[PDB]
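>>> sequence first, structure after, both from an experimental entry:
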Amino acid sequence: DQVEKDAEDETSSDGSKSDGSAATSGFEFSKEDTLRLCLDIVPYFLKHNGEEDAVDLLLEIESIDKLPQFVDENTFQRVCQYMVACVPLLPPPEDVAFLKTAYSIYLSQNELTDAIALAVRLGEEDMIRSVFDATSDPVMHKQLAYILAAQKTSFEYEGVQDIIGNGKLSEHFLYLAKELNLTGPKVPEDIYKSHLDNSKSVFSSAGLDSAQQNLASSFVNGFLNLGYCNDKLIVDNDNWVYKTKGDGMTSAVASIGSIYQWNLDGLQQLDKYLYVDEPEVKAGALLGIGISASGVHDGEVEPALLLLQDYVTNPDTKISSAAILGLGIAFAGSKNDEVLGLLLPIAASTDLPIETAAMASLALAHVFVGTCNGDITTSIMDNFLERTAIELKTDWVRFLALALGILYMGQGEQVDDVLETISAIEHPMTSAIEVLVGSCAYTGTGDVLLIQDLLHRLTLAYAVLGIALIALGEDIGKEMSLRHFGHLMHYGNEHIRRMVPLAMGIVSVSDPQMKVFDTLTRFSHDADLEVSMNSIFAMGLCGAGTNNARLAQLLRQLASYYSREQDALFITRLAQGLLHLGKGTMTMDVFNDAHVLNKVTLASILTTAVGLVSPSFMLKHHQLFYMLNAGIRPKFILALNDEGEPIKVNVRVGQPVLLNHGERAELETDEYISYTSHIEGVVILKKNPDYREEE
Amino acid sequence: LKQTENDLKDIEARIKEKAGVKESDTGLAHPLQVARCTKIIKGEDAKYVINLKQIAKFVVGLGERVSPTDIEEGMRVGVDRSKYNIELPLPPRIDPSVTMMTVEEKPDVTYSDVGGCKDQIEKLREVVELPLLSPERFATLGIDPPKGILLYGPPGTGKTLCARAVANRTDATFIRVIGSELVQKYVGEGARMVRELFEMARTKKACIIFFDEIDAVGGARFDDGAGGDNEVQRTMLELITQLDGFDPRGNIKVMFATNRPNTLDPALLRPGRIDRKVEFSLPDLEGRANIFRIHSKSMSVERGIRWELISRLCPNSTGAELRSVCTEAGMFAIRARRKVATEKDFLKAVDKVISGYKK
Amino acid sequence: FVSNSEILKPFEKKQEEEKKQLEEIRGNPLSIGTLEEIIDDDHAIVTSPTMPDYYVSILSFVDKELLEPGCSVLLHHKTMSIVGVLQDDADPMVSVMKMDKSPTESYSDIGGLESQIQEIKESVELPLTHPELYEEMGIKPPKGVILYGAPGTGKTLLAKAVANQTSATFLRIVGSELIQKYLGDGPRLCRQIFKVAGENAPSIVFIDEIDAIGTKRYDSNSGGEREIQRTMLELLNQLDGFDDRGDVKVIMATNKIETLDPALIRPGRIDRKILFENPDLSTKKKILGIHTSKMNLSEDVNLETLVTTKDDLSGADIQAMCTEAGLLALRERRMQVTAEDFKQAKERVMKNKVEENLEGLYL
């Protein structure tokens, strides 16, 4: 009762990692007379080996300060096994807050099971790095580094990368220079790019004659040659490049960026078109560099992408349109004060003919995602309510409210700037944002007020984002949520409509369900023809790379649209074009082996949802067709020995019969034994102490 | 649209409920499943007054009148179970039985589970394939093919795909009628369904009328032969008066399927209607081998296996037991974690059928 | 309450002058019936359970596509007109229908049956969880499952354990109730089983304790029935007509399959045959650990002591031994069963409480 009364008013969640504080400052939790109670049962159960009943006593009183007293010396393995089936769920409800004090005393041990529980649920930054704290072996940290590349989230920006990635000698850091390039898609995508040179197929590309037909073939030149390096059409014959002007020239050089994409250098290759004469021929240069830099953030051996900060703000119309879209993709996961400083006046004035700020809002959430920035939410807050300079259009103002949705993640107490934007202008999607800001404000979710606030909003479309995290972490709120999910799918906006099958398609590889695909019948026809335009594209994006199979129920949804008019041909072919994405062979994986989802990849999915205007109605520029190359993840599985070195090891092959470093494979199970945190795909195996083997 | 259809009860339905109910219910009384009249005096000519309910049955005398369009008042007019006098021209033939009828013209089925059944095809070659191809040959022979053809064998095997294989060579129309679905709450559904089969067989020459599960109908049953209602009792009339008397033997043919011959009416088993009795045997070593090689095209296997040794270890089996060998072959591959079924998987699938059944 | 007052409440406030009054036009005197034939003339045939067959008209509520023949609809008392459509659950579909959500039994509580757990998973749970194994092989997983043994052990625990991991509702259908000894009720109750589980495929069909439809004999007497011949033969068409990816399975239990119709069997539709196996040493150990967790054991009671002398009783019978050991503790008025109680319990359970005696001399 002393904690529950103080649990409603506080700046954080339950639990603390400080074992030397009496909790007498501010809100009082443990009184002074409870000092003897903490040590009361300590000498008893230790000598009697009564830890079975001793743990159950700490679960009743919920005292986190008693945990380090029982763990002192002798066997540390037996006390961890009693924390598996007991500590996480004693009662019908579930309290995971007891892991806060477990980080300090188990710092040198932790557990194989507890390490997974720390990476999920609350998901604190210090909890994800606890896997490197318990083990001092730099070899064991290697296998944990490859899963960190697909992890992103907490540790992304220069706080770890670009600093420790040059190698370090210490206890729980141990990040070598190999883990810098090899774990992330930097060197492996370059070796993968060289693999497509001998794997190339027949190319239909040509130079044709007129520039009108070159624009139609420019999209094919970048789509067919994606991943393959071709110097014949670039250096030799420029007829399909120089003859195009305006939006055609930007889309022409944009195909060059996809040709050189996933290479060690994506800048100096395009410097030929960087400065020629007009801003029209200079526009596609900055766009292709960012497309070619997709997959790498801080560079391989050098931070080469930091030199593009001066290319952001340009008074030219064509360059500024291709600079924000191209550089916003390459700068993802890396925070910069100079890049943000030049993006503040662009998004403030929202000047279409000069600054081209239409895509500047989505770039702010795509770049700084996963980082900690308090100046980006404050500067926009003043420009959101006042709307200074020439800012007029309200849709671009609403785009800022959706742009800040990703910005307050991991900001802690800085989420108050988002609350001021909700009370300023009322938006349909901002009503549920004010509730979910407490996830990163309290450094976790699942509290008492957090659950009650969700039941008040439901009994709108954005509230289901935090419910799914609590439903998986709480069985009580999961049953009442499943009944609410059915009635929420009917709403004016399609946000609640399109997100339900998206989350189902992610887990469709494990537990497929056709009940969601039946409700989509109403999703196809709503009011106007613009509803059916994004309906086929949404059903085709989640079904990219799969022919029927578990999508057979979804096939009946797209069967209602075959041939209607000339404009309907472009609408029905949206799903057909996505089936061939990745030269016809692609496997989309938005998650990892940690039983969580990658929010950096999901951030690019929401960016393309608001974007991609050129395939939809009201086509503006032809440079938006290349946005699909941003969310494409490199498909490979690296073969490693017990030491994690790039050497050929004979094991079960993946999805391509020879497994080596740089070979394309995905979705392969691993039944063998590893060091810690056993994962599929890229894995470092070991051998029992009896013998020495790499399998 | 939602609020538009709500107030139609006070405006449009007032006329609809008056003409569709009050006129039909007038005097304690357009698909018609029911008709009733109570104390109607009309001057022999358009008298009607027929109660379709089994209680208080009526008749119509004093001459004969034919009015297929409108008998008396229109509205409620029915026949249902008992046919009375001049009420014949307007039978209540409406029923959602379209799900029961299956009509396939020139089936494409050749050999799937029927591989090796050519022995039974030769039994159906003379009395079925020959008249449906060159019926003029029987003019010089002096005789004609018998009316019906009886099928016999294991239950649920050989009565489905084997009948469509003969229709391929003759390019005939295969119509399968399930006998268990002929029995419904409507009395006379079995007899009325057989009526429409001969009507469609007269328009198009060389058609095959197949009756599936005749044991559920037969020539007589408890509710008809031993009962007062007429459904199967009137079904036998359509197989005698129509087929034998009016319908020529060359163009129109009839075939049944049954587990036992004694389950039918001994009146039908007599010569003149049901003559040819086709017994379904089991495929031999060559027949069982051609079935496995066809199923191996849709199932991933090893290119170096042999389908002849697979069918050799397995004894004579039905059409289903042979398909079980291929389906179970993939189950043993799951234990070994293989994408294709090797030769050892088929050997274990045969032993699973031999040991698991022992029939 | 707060969100719905500012959102859903004002939606009906503007329509309060219409939606409130226009819904009262139907009235309080309304009835229910079953559809027969639907046409575009706004007239149909409705039948109430009292069989008042009438030819009525159709009011405008929903389009004719949403009116399905054979489903319960909302009717009127006097005019018997069709004012709308209702849910089909009012149809007397199956005589005994029970949907059990979240079954209690699982694979860990059934003992040493893991040899049969991986085998039953392939025919039921595997195509539900991972159909791609059968999809890459281009084959259809077996829909049916044949059970043997005794009830409570192999005919019960094995049925409720597979429904737990599949996260499907347990649907029990009595086998003896499938035959009403009436013409037309046999195929009717069989088609309604796949209808309730065939919409979203939420559950799995389970059938247990068949002493009746399994044996038709030769005649309606001597334990068999004539309606069994038509019911089993027509049920085969429902097995082949039903097609899915394995979200719905059919598990039937019978003592002997020799009396079954080889047509309804149709090998390749049912690839799963579960034979009763004798419990091993690990079976009793898993049953004891559940009850001995809440039951305090003395210092002379160990795991290898209780399994030393055993007849290989099933997982259920071992539970009866733990209850008898606790019954002797109530005689001495204590909550901790000592080792002296198990010695007298094993003699009473396997002899007095279960009469076997193991008749010898080659028998």
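Good, I have the coordinates. Numbers count the residues shown, from 1 in each chain, chains lettered A, B, ... in the order given.
>>> please make it C-alpha for all contacts and neighbour counts, starting now.
OK.
>>> show me where chain A has strands.
Here chain A has no strands by DSSP state E.
>>> apologies, that question was intended for the stretch 151-300 of chain B.
Per DSSP state E, counting those that start in this stretch, the stretch 151-300 of chain B carries strands over the ranges B:173-178, B:207-212, B:252-256, B:274-279.
>>> chain A: which of those strands is closest?
strand B:173-178 (29.2 Å; C-alpha to the nearest C-alpha).
>>> what angle sits between the closest one and strand B:207-212?
With axes from the mean of the first three to the mean of the last three C-alpha atoms, to 10 degrees applied, the angle from strand B:173-178 to strand B:207-212 works out at 20 degrees.
>>> count of residues packed around the closest residue to chain C within the stretch 51-200 of chain A?
Here the stretch 51-200 of chain A gets closest to chain C at one residue, residue A:52, 11.8 Å apart by C-alpha to the nearest C-alpha. Using other C-alpha atoms under 10 Å in any protein chain shown, residue A:52 has 15 neighbouring residues.
>>> what's it in contact with, if anything?
Under the criterion of C-alpha atoms under 8 Å, 6 or more residues apart in numbering or on different chains, the contact list for residue A:52 reads residue A:82.
>>> also the one 4 residues further on?
Taking C-alpha under 8 Å, 6+ apart as the criterion, residue A:56 is in contact with A:86, A:87, A:90.
>>> just to revisit the earlier point, among the strands of the stretch 151-300 of chain B, which is the most enclosed?
Using mean count of other C-alpha atoms under 10 Å in any protein chain shown, the stretch among the strands of the stretch 151-300 of chain B with the greatest mean number of neighbours is strand B:207-212 (a mean of 23).
>>> adding distance to chain A, write the strands of the stretch 151-300 of chain B out as TSV.
TSV is the format used below for those (distance: least, C-alpha to the nearest C-alpha, whole Å):
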stretch	distance to chain A
strand B:173-178	29
strand B:207-212	32
strand B:252-256	38
strand B:274-279	41
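>>> dump the ones you listed into CSV; add distance to residue C:66 as well.
Listed next are these as CSV, based on distance: least, C-alpha to C-alpha, whole Å:
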stretch, distance to residue C:66
strand B:173-178, 28
strand B:207-212, 32
strand B:252-256, 38
strand B:274-279, 46
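>>> can you give me the neighbour number for residue 272?
Reading this off chain A. Residue A:272: 11 neighbours (other C-alpha under 10 Å).
>>> meant chain C actually
Residue C:272 has 23 neighbours, counted by other C-alpha under 10 Å.
>>> which stretch of helix or strand covers the closest residue to it other than its chain neighbours?
Spatial nearest neighbour of residue C:272, chain neighbours left out: residue C:145 (5.0 Å); criterion: C-alpha to C-alpha, 6 or more residues apart in numbering or on different chains. For residue C:145, the element it lies in under DSSP states H and E is strand C:144-147.
>>> what does the helix or strand following that strand rub up against?
Downstream of strand C:144-147, the next assigned helix or strand under DSSP H and E is helix C:157-165. Helix C:157-165 is contacted from outside by C:102-107, C:110, C:120-121, C:124-125, C:169-170, C:204, C:206, C:251, using C-alpha under 8 Å, 6+ apart.
>>> so what are the sheet partners of the helix or strand just after helix C:157-165 and their directions?
Counting by DSSP H and E, the next helix or strand C-terminal to helix C:157-165 is strand C:169-174. Strand C:169-174 sits in its sheet next to strand C:98-100 (antiparallel), strand C:203-208 (parallel), going by DSSP bridges.
>>> ok, residues contacting strand C:169-174?
C:96-103, C:160, C:163, C:202-210.
>>> any figure for the gap between the closest residue to chain A within the stretch 251-359 of chain B and residue C:137?
Per C-alpha to the nearest C-alpha, residue B:337 is where the stretch 251-359 of chain B lies closest to chain A, at 11.7 Å. Using C-alpha to C-alpha, to the nearest Å, residue B:337 is found at 12 Å from residue C:137.
>>> who has more neighbours, those two?
residue C:137 (22 against 11).
>>> I'd say the more buried one and residue B:302 touch.
No. Applying C-alpha atoms under 8 Å as the test, residue C:137 and residue B:302 come out as separate, 11.6 Å apart.
>>> so for the two, which residues contact both of them?
With C-alpha under 8 Å, 6+ apart as the test, residue C:137 and residue B:302 both reach residue B:340.
>>> would you mind listing the buried residues in stretch B:197-205?
B:197, B:198, B:201 (16 or more other C-alpha atoms under 10 Å in any protein chain shown).
>>> name the residues that touch it?
Outside stretch B:197-205, the residues touching it (C-alpha under 8 Å, 6+ apart) are B:207, B:209, B:242, B:243, B:251, B:252.
>>> right, and the fifth one touches residue B:134 too?
This points to residue B:251. No. With contact defined as C-alpha under 8 Å, residue B:251 does not reach residue B:134; the gap is 10.5 Å.
>>> which one's more surrounded, those two?
A count of neighbours by other C-alpha under 10 Å puts residue B:251 above the other of residue B:251 and residue B:134, at 17 against 11.
>>> once you drop chain neighbours, what's closest to the more buried one?
In space, residue B:251 is closest to residue B:206, 4.6 Å off (C-alpha to C-alpha, 6+ apart).
>>> burial count for the one you found?
22.
>>> buried only: go through the contacts of strand C:169-174 for me.
By 16+ other C-alpha under 10 Å, those give C:103, C:160, C:163, C:202, C:203, C:204, C:205, C:206, C:207, C:208, C:209, C:210 as buried.
>>> export the residues you listed to TSV and tack on distance to residue B:64?
Formatted as TSV, these follow (distance: C-alpha to C-alpha, whole Å):
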residue	distance to residue B:64
C:103	69
C:160	68
C:163	67
C:202	60
C:203	60
C:204	60
C:205	57
C:206	59
C:207	58
C:208	60
C:209	60
C:210	57
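>>> what's the farthest-apart pair in these?
The span of the buried ones among the contacts of strand C:169-174, defined through C-alpha to C-alpha, is set by C:202 and C:210 at 24.6 Å.
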